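Just the one chain here, laid out as structure tokens, in the form deposited without this ligand.
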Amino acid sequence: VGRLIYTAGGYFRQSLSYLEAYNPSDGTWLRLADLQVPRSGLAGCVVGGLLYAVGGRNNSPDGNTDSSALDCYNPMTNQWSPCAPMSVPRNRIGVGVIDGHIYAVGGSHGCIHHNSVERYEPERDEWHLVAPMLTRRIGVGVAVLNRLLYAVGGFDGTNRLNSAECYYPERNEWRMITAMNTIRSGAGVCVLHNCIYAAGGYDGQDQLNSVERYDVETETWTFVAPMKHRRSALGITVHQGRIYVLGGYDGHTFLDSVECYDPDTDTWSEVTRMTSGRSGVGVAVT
């Protein structure tokens, strides 16, 4: 029907404030109401055609705080609103949406590497705490598939993970699943058809440009065609059958490169730049 990519916040040597929109029907960008406090390394999602930005961290030379903020944006009124904040602050969080609920997983606070999980019921503006995961994970990708939630990669605070776990909402329990082929902390995670894609991230020595997917039928991680640029902590989303990756860090420079992946051709192609180079940005589509 025709929709917009939203990219909210980011980090370009400090926490950014920009809420920006992209339209690939005309390859143009939009500027929208900025964030009512700069956050970096949060996560975005859309619930009931409203956009939510969760957690993250405000980094500035003027000190640096972790955020338990949950702030909804309305593209119909171009206004942010604060919503009930989470139980704890989560920097380098991941989120998933199930059944019109917001699941927030892991991420940092102070030195404490979280492993807890909480559900926000939008209809009641309430955080309700759920079953913690089997590993502590910060900088963790999350995908929702078949009404299940997939926590992938991440960092436990002592070494960089290559593990994955699966949460059964109906049962409220966690299980480990097939570990990945490569260590990946702060990679980009999402669903395409019946596969869990995981692009980029950090391993401990280098930035990554390799991608792999997971098929729940075949319980296996298969390597796919790499991205043109190596990138850690990047935005990622899907629209009309393609993966769009926004920004990230290449071990030197913060990218403005947005790359697109057509699964039909299994080829990557740069589709735009962004208005400024940035990392740690949370992303969504409506």
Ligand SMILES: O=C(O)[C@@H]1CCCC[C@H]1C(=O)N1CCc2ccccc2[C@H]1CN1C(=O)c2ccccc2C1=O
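For every residue, the number given is its place in the sequence shown, counted from 1.
Of the other structures of this protein that model both sides of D250, every one gives it coordinates; not a third omit it. Across the other compared structures of the same protein with both neighbouring residues present, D62 lacks coordinates in at least a third. Comparing 209-217 with 193-201, the higher mean C-alpha B-factor in the PDB entry belongs to 209-217. For the segment pair 14-22 and 265-273, the entry gives 265-273 the higher mean B-factor, averaged over Cα atoms. Among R31, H252, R39, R242, the highest C-alpha B-factor recorded in the PDB entry belongs to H252. In this structure the maximum Cα B-factor among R92, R175, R137, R147 is found at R137. Per-chain ranking of the deposited C-alpha B factor places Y103 in the lowest third.
Sorting the modelled residues of the chain by their CA temperature factor places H109 in the middle third. Ranked by C-alpha B-factor against the other modelled residues of its chain, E165 falls in the middle third. Remark: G282 belongs to the middle third of its chain, ranked by C-alpha B-factor as recorded. Annotation for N78: C-alpha temperature factor in the lowest third relative to the rest of the modelled chain, per the entry.
The form solved in complex with this ligand exists for this protein as well; it is not shown, and the discussion that follows is about that form.
For the residues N59, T237, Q36, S68, the 4.5 Å heavy atom test against this ligand in the deposited bound form is passed only by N59. Residues within 4.5 angstroms of this ligand in the deposited bound form, judged by any non-hydrogen atom, belong to 38-46 and to none of the other stretches in 38-46, 24-32, 257-265, 213-221.
Interface residue remark: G139 is counted as part of the site for this ligand in the deposited bound form, having a heavy atom within 4.5 Å. Contact annotation for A233: at least one heavy atom lies within 4.5 Å of this ligand in the deposited bound form. Although the partner is absent here, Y52 lies well away from this ligand in the deposited bound form, with no heavy atom inside 4.5 Å. Taking the partner from elsewhere, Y244 is found to have every heavy atom lying beyond 4.5 Å of this ligand in the deposited bound form. Looking at 167-193, the one residue that comes within 4.5 Å of this ligand in the deposited bound form, counting any heavy atom, is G186.
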